[PDB]
Structure formats: C-alpha cells, structure tokens
Amino acid sequence: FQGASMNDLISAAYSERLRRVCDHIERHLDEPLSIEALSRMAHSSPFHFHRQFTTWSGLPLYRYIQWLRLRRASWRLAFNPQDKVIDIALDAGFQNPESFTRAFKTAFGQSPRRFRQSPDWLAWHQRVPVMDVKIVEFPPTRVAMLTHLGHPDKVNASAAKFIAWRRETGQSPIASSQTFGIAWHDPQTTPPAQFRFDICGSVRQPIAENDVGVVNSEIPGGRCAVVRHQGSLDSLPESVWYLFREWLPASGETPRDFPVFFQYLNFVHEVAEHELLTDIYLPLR
C-alpha cells in the first residue's frame with residue numbers, strides 16, 4: 001500500500017511528543033528540571049523516561065544538557081569577546097574554568113581560547129557524536145624453557161617437570177622473573193603428534209646445563225599485540241581466536257616469525273580461576 005500506516009502515525013506522534021519535551025528542555029535550561037513533569041509531558045513513565053530519551057536522542061539527559069550548554073558557551077566565546085572565560089565557564093554550570101576547559105577539549109577538539117581566536121565551526125558540526133588490544137614493544141628476554149612435543153594433555157605433566165626444576169636448581173623464575181608459554185600450535189587444528197608447547201621462565205643469566213631437558217632460549221623483542229585475558233587456561237584459545245579474527249584485518253600490521261606467547265602475571269593455582277590474569281602476545285613485524 002502507498003497510504004499512511006497507523007503504525008508509522010503512532011511512531012510519529014511519539015517522536016513529536018519527545019520533540020516537544022526536547023524543546024521544553026532547550027527553553028527551561030538553567031532551571032530545576034523535575035523528571036516527573038517532563039515524564040508527564042511525554043505521556044510515559046517517570047521510571048522509563050531516561051531510557052526513551054537515551055534511545056531516541058542518542059545521549060542521556062545529563063550529557064545532552066551539558067553539551068547544549070557547551071554549544072551556548074561556544075557561541076559566547078566566538079561572538080562575545082568581552083565576556084570573561086571564568087564567567088562563561090560559570091554560566092555553563094561548571095565550578096572551575098579548568099574543568100570547563102577539560103570538557104571543551106574533550107568534546108570539541110579545540111581549546112577554548114584557540115576557539116575564541118580561530119573558530120573552526122565546520123569541525124564542530126562534524127563532531128556532534130569491546131576488548132582493548134594494544135601495541136607494545138616487547139623487550140628480548142633470556143629464558144629457560146622446556147619444550148613439550150606430544151599429546152596436548154600430557155603438556156600439564158611436562159609443566160610439572162618445569163615446576164620441579166624450579167624447586168631443585170634454585171633458579172627463581174618465581175620472583176624478579178617472568179613465566180611465559182610459547183603456544184606454537186592450536187591443539188584442535190594441529191596434529192597432536194607435532195604439538196609443540198614451550199614452558200619458559202625468565203632468567204637473568206644462563207642456567208648451565210641440566211639432564212631434565214630445560215634449555216636456554218630467548219623471546220625476541222619488537223612490535224607485539226597485547227590482549228588481556230581474564231580467567232581459565234581453557235578460555236585462552238577463544239581470546240586467541242578473537243585476536244586473529246578482529247585485530248589482524250583491522251590493524252593492517254604483519255606478524256613476524258615467532259609463535260604466539262602468553263605471560264602469566266598471576267600464576268595458576270595460587271589465586272582462583274575467576275581472578276586469573278594472562279597476557280596474550282602476538283609477535284608483530
């Protein structure tokens with residue numbers, strides 16, 4: 001049908017209700033704005049008014065009022081040069097000119113005084129608007145490591161060997177040193193006959209030689225993507241998949257010739273699985 005639909009008519013009436021409310025706010029700024037009254041003016045519940053305004057305006061009432069006040073102060077900066085900046089900052093509801101300057105630099109992109117000097121209003125009109133992954137330069141670390149080649153489960157057993165070595169040789173990766181796991185392969189995709197996992201601990205000097213199989217090696221430094229994973233060692237492969245799916249296409253950076261490696265800032269069983277902290281590191285060239 002080409003005709004007007006009852007559904008669209010209702011949505012239009014609702015939107016224009018809330019537009020009436022917006023205009024009332026624009027008029028009655030700098031006033032005690034009782035949410036009960038504004039909620040009544042929208043023919044809606046006081047308990048749901050904020051979510052509706054956030055839904056449609058795109059920003060809550062406190063951000064909206066703040067940013068309208070900031071735009072008013074911007075007009076006053078550019079076109080009322082006689083007014084003092086402290087006075088303007090007080091008029092916009094800010095206690096200190098420093099905090100007003102903070103908010104201006106945060107939302108606008110220019111400092112207040114530079115705006116008073118050369119307003120770039122075009123930018124202002126264009127500036128109306130999950131997991132943190134970072135880029136760090138990992139320093140090359142001499143470590144002592146044991147390589148496991150076999151079934152992915154037996155890895156735990158081999159890890160025990162390393163722990164035993166730490167008690168026996170007096171080498172202390174426990175303190176003033178770090179403990180990493182070089183994850184060469186993904187156990188599901190990779191044949192468990194070739195699965196390689198390196199359990200390593202940081203050392204300040206070489207560890208001589210030992211019959212257990214622990215040997216000296218190094219983790220090279222340079223560009224490297226870091227993602228903070230919170231929880232189980234069984235949960236790490238999914239965040240590794242996250243890194244590969246999301247960071248590699250978007251970043252456009254190229255990985256270098258070293259396997260993925262995790263640094264356990266919180267060791268396994270000393271704290272709970274729910275509070276365990278691991279850092280996944282993707283080598284980047």
# chains A, B, ... in the order shown; residues from 1 in each chain; ligands from 1
>>> closest_atom_pairs(of="range 121-143 of chain A", to="range 214-226 of chain A", cutoff="9 Å", atoms="only C-alpha atoms", output="tab-separated table")
residue	atom	partner	partner_atom	distance
A:132	CA	A:226	CA	8.7
A:133	CA	A:226	CA	5.7
A:134	CA	A:226	CA	5.2
A:135	CA	A:225	CA	4.7
A:136	CA	A:224	CA	5.5
A:137	CA	A:223	CA	4.6
A:138	CA	A:221	CA	4.6
A:139	CA	A:221	CA	4.4
A:140	CA	A:221	CA	4.2
A:141	CA	A:219	CA	5.1
A:142	CA	A:218	CA	4.4
A:143	CA	A:218	CA	5.5
>>> write_last_selection(atoms="N, CA, C and O atoms", output="short mmCIF file (atom, residue, chain, number, x, y, z; two decimals), in the first residue's frame")
data_model
loop_
_atom_site.label_atom_id
_atom_site.label_comp_id
_atom_site.auth_asym_id
_atom_site.auth_seq_id
_atom_site.Cartn_x
_atom_site.Cartn_y
_atom_site.Cartn_z
N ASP A 132 40.04 -4.17 24.68
CA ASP A 132 41.17 -3.31 24.36
C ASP A 132 42.38 -4.16 24.00
O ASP A 132 42.82 -5.00 24.80
N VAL A 133 42.92 -3.95 22.80
CA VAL A 133 44.14 -4.60 22.34
C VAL A 133 45.15 -3.51 22.02
O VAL A 133 44.82 -2.53 21.33
N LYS A 134 46.37 -3.66 22.52
CA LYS A 134 47.37 -2.61 22.40
C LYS A 134 48.60 -3.11 21.65
O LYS A 134 48.77 -4.31 21.42
N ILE A 135 49.46 -2.17 21.28
CA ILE A 135 50.72 -2.44 20.60
C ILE A 135 51.84 -2.02 21.52
O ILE A 135 51.96 -0.84 21.86
N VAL A 136 52.67 -2.98 21.94
CA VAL A 136 53.83 -2.69 22.77
C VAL A 136 55.06 -3.31 22.13
O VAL A 136 54.97 -4.22 21.31
N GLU A 137 56.22 -2.79 22.51
CA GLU A 137 57.50 -3.32 22.03
C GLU A 137 58.06 -4.22 23.13
O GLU A 137 58.60 -3.75 24.13
N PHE A 138 57.91 -5.52 22.93
CA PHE A 138 58.36 -6.50 23.91
C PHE A 138 59.88 -6.59 23.91
O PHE A 138 60.48 -6.81 22.85
N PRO A 139 60.54 -6.41 25.05
CA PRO A 139 62.00 -6.49 25.09
C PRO A 139 62.47 -7.93 25.04
O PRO A 139 61.88 -8.80 25.69
N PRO A 140 63.52 -8.21 24.27
CA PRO A 140 64.03 -9.59 24.19
C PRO A 140 64.41 -10.11 25.57
O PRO A 140 65.17 -9.47 26.30
N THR A 141 63.87 -11.27 25.92
CA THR A 141 64.01 -11.82 27.26
C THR A 141 64.71 -13.17 27.18
O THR A 141 64.21 -14.09 26.54
N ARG A 142 65.88 -13.27 27.82
CA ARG A 142 66.51 -14.57 28.01
C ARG A 142 65.69 -15.39 28.99
O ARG A 142 65.36 -14.92 30.08
N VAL A 143 65.36 -16.62 28.60
CA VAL A 143 64.56 -17.51 29.43
C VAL A 143 65.13 -18.91 29.36
O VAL A 143 65.95 -19.24 28.51
#
>>> residues_around(residues="residue 268 in chain A", least_positions_apart="3", cutoff="9 Å", atoms="only C-alpha atoms", output="list in words")
residues 232, 233, 264, 271, 272, 273, 276 and 277 of chain A
>>> residues_around(residues="residue 20 in chain A", least_positions_apart="4", cutoff="9 Å", atoms="only C-alpha atoms", output="list in words")
residues 15, 16, 24, 25, 41 and 42 of chain A
>>> residues_around(residues="range 80-85 of chain A", least_positions_apart="5", cutoff="9 Å", atoms="only C-alpha atoms", output="VMD selection string")
chain A and resid 75 90 97 112 to 113 116
>>> residues_around(residues="range 208-211 of chain A", least_positions_apart="4", cutoff="12 Å", atoms="only C-alpha atoms", output="ChimeraX atom specification")
/A:144-146,161-162,165-166,168-169,171,203,215-217
>>> residues_around(residues="residue 94 in chain A", least_positions_apart="2", cutoff="12 Å", atoms="only C-alpha atoms", output="MDAnalysis selection string")
chainID A and resid 30 66 69:70 73 85:92 96:104
>>> atom_distance(atom1="CA of residue 267 in chain A", atom2="CA of residue 174 in chain A")
9.2 Å
>>> closest_residue(among="A:128, A:164, A:37, A:193", to="residue 58 in chain A", atoms="only C-alpha atoms")
A:128
>>> atom_distance(atom1="CA of residue 129 in chain A", atom2="CA of residue 52 in chain A")
18.2 Å
>>> select_by_dssp(residues="range 114-230 of chain A", states="alpha helix (DSSP H)", output="count of residues only")
25
>>> select_by_dssp(residues="range 203-237 of chain A", states="strand (DSSP E)", output="number ranges by chain")
A: 215-219, 222-230
>>> write_last_selection(atoms="N, CA, C and O atoms", output="tab-separated table (two decimals), in the first residue's frame")
chain	number	residue	atom	x	y	z
A	215	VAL	N	66.41	-26.03	28.49
A	215	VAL	CA	67.50	-25.41	27.75
A	215	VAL	C	67.28	-23.90	27.71
A	215	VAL	O	66.18	-23.40	27.92
A	216	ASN	N	68.37	-23.18	27.43
A	216	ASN	CA	68.31	-21.74	27.31
A	216	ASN	C	67.71	-21.34	25.96
A	216	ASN	O	67.96	-21.98	24.94
A	217	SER	N	66.92	-20.27	25.97
A	217	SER	CA	66.44	-19.67	24.73
A	217	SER	C	66.08	-18.22	25.02
A	217	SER	O	66.33	-17.71	26.12
A	218	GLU	N	65.48	-17.56	24.04
A	218	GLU	CA	65.18	-16.14	24.14
A	218	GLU	C	63.85	-15.87	23.45
A	218	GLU	O	63.52	-16.51	22.45
A	219	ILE	N	63.10	-14.93	24.00
A	219	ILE	CA	61.90	-14.40	23.35
A	219	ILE	C	62.29	-13.08	22.68
A	219	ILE	O	62.62	-12.12	23.40
A	222	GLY	N	60.35	-6.43	19.95
A	222	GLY	CA	59.84	-5.63	18.86
A	222	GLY	C	58.34	-5.43	18.99
A	222	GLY	O	57.76	-5.66	20.06
A	223	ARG	N	57.72	-5.01	17.89
A	223	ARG	CA	56.28	-4.79	17.88
A	223	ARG	C	55.55	-6.07	18.25
A	223	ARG	O	55.94	-7.17	17.85
A	224	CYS	N	54.47	-5.92	19.02
A	224	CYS	CA	53.75	-7.08	19.52
A	224	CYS	C	52.40	-6.62	20.03
A	224	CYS	O	52.31	-5.65	20.80
A	225	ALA	N	51.35	-7.31	19.60
A	225	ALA	CA	49.99	-7.03	20.03
A	225	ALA	C	49.71	-7.72	21.36
A	225	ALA	O	50.02	-8.90	21.53
A	226	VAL	N	49.11	-6.99	22.30
A	226	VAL	CA	48.82	-7.49	23.63
A	226	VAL	C	47.32	-7.43	23.86
A	226	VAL	O	46.69	-6.39	23.61
A	227	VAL	N	46.74	-8.54	24.32
A	227	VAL	CA	45.36	-8.57	24.78
A	227	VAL	C	45.32	-9.20	26.17
A	227	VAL	O	45.98	-10.21	26.42
A	228	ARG	N	44.56	-8.58	27.07
A	228	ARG	CA	44.45	-9.04	28.45
A	228	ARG	C	43.31	-10.03	28.55
A	228	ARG	O	42.15	-9.68	28.31
A	229	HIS	N	43.62	-11.27	28.92
A	229	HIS	CA	42.62	-12.31	29.10
A	229	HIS	C	42.45	-12.58	30.59
A	229	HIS	O	43.44	-12.68	31.34
A	230	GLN	N	41.20	-12.70	31.01
A	230	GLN	CA	40.82	-12.84	32.42
A	230	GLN	C	40.12	-14.18	32.61
A	230	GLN	O	38.96	-14.34	32.23
>>> closest_residue(among="A:55, A:190, A:156, A:254", to="residue 283 in chain A", atoms="only C-alpha atoms")
A:254
>>> atom_distance(atom1="CA of residue 150 in chain A", atom2="CA of residue 195 in chain A")
5.7 Å
>>> decode(residues="range 66-217 of chain A", atoms="C-alpha atoms", output="compact mmCIF listing (two decimals), in the first residue's frame")
# COMPACT_ATOMS: atom_id res chain seq x y z
CA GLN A 66 25.94 19.57 29.26
CA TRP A 67 26.58 19.63 25.52
CA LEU A 68 23.80 22.11 24.76
CA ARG A 69 25.33 24.32 27.45
CA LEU A 70 28.75 23.85 25.83
CA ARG A 71 27.39 24.93 22.44
CA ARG A 72 25.86 28.02 24.04
CA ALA A 73 29.23 28.77 25.65
CA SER A 74 30.87 28.27 22.25
CA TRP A 75 28.65 30.93 20.69
CA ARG A 76 29.53 33.16 23.65
CA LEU A 77 33.26 32.56 23.15
CA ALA A 78 33.28 33.25 19.42
CA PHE A 79 30.77 36.11 19.25
CA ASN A 80 31.01 37.76 22.71
CA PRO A 81 34.73 38.54 23.10
CA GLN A 82 34.05 40.91 26.01
CA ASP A 83 32.90 38.10 28.30
CA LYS A 84 35.46 36.61 30.69
CA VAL A 85 36.26 32.92 30.30
CA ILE A 86 35.80 32.27 34.02
CA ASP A 87 32.42 34.00 33.81
CA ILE A 88 31.43 31.96 30.74
CA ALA A 89 32.55 28.73 32.40
CA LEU A 90 30.45 29.55 35.47
CA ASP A 91 27.42 30.35 33.30
CA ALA A 92 27.68 26.90 31.66
CA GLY A 93 27.30 25.19 35.05
CA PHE A 94 30.99 24.41 35.65
CA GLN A 95 32.60 25.10 39.02
CA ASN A 96 36.13 25.73 37.73
CA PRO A 97 37.46 27.16 34.44
CA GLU A 98 39.87 24.21 34.39
CA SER A 99 37.01 21.69 34.30
CA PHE A 100 35.23 23.73 31.63
CA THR A 101 38.44 23.63 29.59
CA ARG A 102 38.62 19.86 30.15
CA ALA A 103 35.10 19.34 28.81
CA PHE A 104 35.68 21.71 25.88
CA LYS A 105 38.89 19.97 24.80
CA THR A 106 37.21 16.59 25.29
CA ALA A 107 34.06 17.08 23.23
CA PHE A 108 35.04 19.78 20.74
CA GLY A 109 38.62 19.06 19.62
CA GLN A 110 39.96 22.59 20.20
CA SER A 111 40.91 24.52 23.31
CA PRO A 112 38.54 27.28 24.47
CA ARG A 113 40.94 30.16 23.82
CA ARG A 114 42.06 28.85 20.43
CA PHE A 115 38.37 28.60 19.56
CA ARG A 116 37.92 32.24 20.57
CA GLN A 117 40.87 33.03 18.28
CA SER A 118 40.00 30.98 15.16
CA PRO A 119 36.66 29.15 15.35
CA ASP A 120 36.61 26.09 13.08
CA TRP A 121 32.85 25.64 13.24
CA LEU A 122 32.76 23.09 10.40
CA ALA A 123 34.66 20.66 12.62
CA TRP A 124 32.25 21.39 15.49
CA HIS A 125 29.23 20.45 13.37
CA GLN A 126 31.04 17.29 12.26
CA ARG A 127 31.92 16.37 15.88
CA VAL A 128 28.35 16.07 17.20
CA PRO A 129 28.92 12.35 18.22
CA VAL A 130 34.81 -4.36 23.08
CA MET A 131 38.22 -5.69 24.19
CA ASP A 132 41.17 -3.31 24.36
CA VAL A 133 44.14 -4.60 22.34
CA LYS A 134 47.37 -2.61 22.40
CA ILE A 135 50.72 -2.44 20.60
CA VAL A 136 53.83 -2.69 22.77
CA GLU A 137 57.50 -3.32 22.03
CA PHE A 138 58.36 -6.50 23.91
CA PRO A 139 62.00 -6.49 25.09
CA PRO A 140 64.03 -9.59 24.19
CA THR A 141 64.01 -11.82 27.26
CA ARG A 142 66.51 -14.57 28.01
CA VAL A 143 64.56 -17.51 29.43
CA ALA A 144 64.95 -21.17 30.29
CA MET A 145 62.34 -23.38 28.66
CA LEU A 146 61.14 -26.96 28.31
CA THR A 147 59.58 -27.99 25.01
CA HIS A 148 56.67 -30.44 25.00
CA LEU A 149 56.15 -32.45 21.81
CA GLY A 150 53.21 -34.83 22.10
CA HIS A 151 49.57 -35.02 23.13
CA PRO A 152 48.06 -31.69 24.27
CA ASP A 153 47.00 -33.19 27.62
CA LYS A 154 50.43 -34.58 28.60
CA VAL A 155 51.55 -30.92 28.42
CA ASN A 156 50.36 -30.46 32.00
CA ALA A 157 52.66 -33.29 33.07
CA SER A 158 55.61 -31.62 31.32
CA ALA A 159 54.71 -28.35 33.04
CA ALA A 160 55.12 -30.15 36.36
CA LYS A 161 58.66 -31.07 35.29
CA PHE A 162 59.44 -27.38 34.84
CA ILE A 163 57.98 -26.55 38.26
CA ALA A 164 60.07 -29.34 39.77
CA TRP A 165 63.16 -27.89 38.09
CA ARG A 166 62.42 -24.51 39.69
CA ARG A 167 62.41 -26.06 43.15
CA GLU A 168 65.50 -28.16 42.51
CA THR A 169 68.05 -25.92 40.76
CA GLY A 170 67.35 -22.90 42.96
CA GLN A 171 66.66 -20.91 39.80
CA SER A 172 63.90 -18.49 40.79
CA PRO A 173 61.56 -17.58 37.94
CA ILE A 174 59.15 -17.19 40.87
CA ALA A 175 60.32 -13.68 41.80
CA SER A 176 62.03 -10.88 39.85
CA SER A 177 61.41 -13.03 36.77
CA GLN A 178 58.55 -13.93 34.47
CA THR A 179 56.88 -17.13 33.29
CA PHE A 180 55.76 -17.49 29.67
CA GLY A 181 54.15 -20.11 27.48
CA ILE A 182 55.05 -20.20 23.79
CA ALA A 183 51.97 -21.67 22.07
CA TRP A 184 53.34 -22.77 18.71
CA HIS A 185 50.17 -24.54 17.58
CA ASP A 186 46.45 -24.76 18.23
CA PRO A 187 45.78 -28.24 19.66
CA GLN A 188 42.49 -28.89 17.82
CA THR A 189 43.69 -27.86 14.35
CA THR A 190 47.27 -29.22 14.68
CA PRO A 191 48.05 -32.97 14.71
CA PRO A 192 48.82 -33.91 18.32
CA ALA A 193 51.91 -35.78 17.09
CA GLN A 194 53.53 -32.41 16.26
CA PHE A 195 52.03 -30.22 19.01
CA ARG A 196 54.79 -28.05 20.46
CA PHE A 197 54.44 -26.01 23.63
CA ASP A 198 57.32 -24.22 25.35
CA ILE A 199 57.07 -23.60 29.11
CA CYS A 200 59.68 -20.95 29.90
CA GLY A 201 60.75 -18.81 32.83
CA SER A 202 62.79 -15.63 32.74
CA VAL A 203 66.43 -15.83 33.84
CA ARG A 204 68.99 -13.10 34.45
CA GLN A 205 71.93 -15.30 33.37
CA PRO A 206 72.25 -18.65 31.54
CA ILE A 207 71.37 -21.70 33.63
CA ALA A 208 74.26 -24.00 32.59
CA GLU A 209 73.11 -27.48 31.52
CA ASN A 210 70.77 -29.99 33.11
CA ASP A 211 69.56 -33.52 32.32
CA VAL A 212 65.85 -32.70 32.73
CA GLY A 213 65.69 -31.16 29.24
CA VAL A 214 65.39 -27.48 30.16
CA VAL A 215 67.50 -25.41 27.75
CA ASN A 216 68.31 -21.74 27.31
CA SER A 217 66.44 -19.67 24.73
